[PDB]
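Enquirer: Quick one: the structure is below, and I'll ask about it shortly.
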Amino acid sequence: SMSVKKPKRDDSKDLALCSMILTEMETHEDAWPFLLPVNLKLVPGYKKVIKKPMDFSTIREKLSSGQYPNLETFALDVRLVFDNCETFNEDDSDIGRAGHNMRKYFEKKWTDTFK
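This is the structure in structure tokens:
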């Protein structure tokens, strides 16, 4: 509260470390559904159904331009990529499986790096 602060957790490396994680996600073999924004002209249903599209390229641009205020807003966008994928894709499809795999991969790197 006012003039009463918990000890300062060092956040000075968060930007670099989120960039590293994102590089690892970008280079994973199962990243291909997620690298670029879904083409809303070419994929029926996507525009109306997925209220907040997100993709790795869009997160990389946001990261690079100071549009994440802290590491939690970065994690929220990453998880949005996978939550969107689950909303639109059956579990038993290549893309549906890709998304489960990538989410698992991310969440381990996240825990190992920060928790």
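Under the deposited numbering, the sequence shown has 1955 at position 100, and the numbering climbs by one with no breaks.
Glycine included, every Cβ here is placed at the ideal spot set by N, Cα and C.
1. Can you give me the Cβ contacts of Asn1956 inside the same chain, cut-off strictly under 7 Å, excluding the 5 residues immediately before and after it?
2. Over what stretch of residues does the alpha helix (DSSP H) that includes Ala1871 continue unbroken?
3. May I have the straight-line CA-CA distance separating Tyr1960 from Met1857, to the nearest angstrom?
4. If we ignore side chains and look at the alpha-carbon of each, how far apart do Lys1970 and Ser1867 end up?
Expert: So, to answer that:
1. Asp1885
2. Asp1869 to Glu1881
3. 40 Å
4. 16 Å
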